[PDB]
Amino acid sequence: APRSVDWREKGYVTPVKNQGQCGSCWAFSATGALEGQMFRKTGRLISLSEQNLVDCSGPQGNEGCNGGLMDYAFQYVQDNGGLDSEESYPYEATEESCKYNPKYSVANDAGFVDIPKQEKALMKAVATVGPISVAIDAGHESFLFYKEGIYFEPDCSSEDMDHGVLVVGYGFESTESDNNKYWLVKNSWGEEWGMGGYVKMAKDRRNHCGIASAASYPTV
């Protein structure tokens, strides 16, 4: 297996986005994972509509700006037979009626794959598939104010995750003394947050913040 992986250098990853004050993290994580897999299939990177998911995927069990799950989002695209582009169905950070238009669909999937709840299994997935949707425990001040380095929060929970994000890679870092391996994570709080919107999460440290507990990707 490769010791370092960064799917951004292969063209799989769109720029960082900003969910605003809508509880839609799960839809940004989902589009991230589907953007990657659509590029792997077609070689074309096209930003996907989170508003589409927020407004339309309630029947799959999502609750708009009040929360949701990436797997439910992947299920919607399969069930719906399409998902509109970001440009055709832009993000409003509020929940509304469904405005999906199949003429502007640019993506599809055939279900999804759940990764075993093991950081070694997530490593294999990231190395061979592409960006992977994961949930983390993000409810700590240290996460809000993160700037640089490998993020480690001693009070992080591996079993009570509350924020969907996207693992685009992993690697090693010796610029810091007390930690070394990290997962490279794309967040959805804009470019001002963290390291241009990304965070290095501690890897192989008691499944830190639960990053390997709810990992999945769509089938395309």
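Residue numbers run from 1 along the displayed sequence.
- Higher mean CA temperature factor between 159-167 and 29-37: 159-167, per the PDB entry.
- Stretches 185-193 and 149-157 differ in mean CA B factor, with 149-157 having the higher one.
- Remark: of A135, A107, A110, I132, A110 shows the highest value [criterion: C-alpha B-factor in the PDB entry].
- The PDB entry assigns its highest CA temperature factor, among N18, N207, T14, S24, to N207.
- For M70, the recorded CA temperature factor ranks within the lowest third of the chain's modelled residues.
- Annotation for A202: C-alpha temperature factor in the highest third relative to the rest of the modelled chain, per the entry.
- When the CA B factors of the chain's modelled residues are split into thirds, the value for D84 lands in the lowest one.
- When all modelled residues of the chain are sorted by CA temperature factor, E173 is found within the highest third.
- Among all modelled residues in this chain, the alpha-carbon of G43 has a temperature factor (C-alpha) in the highest third.
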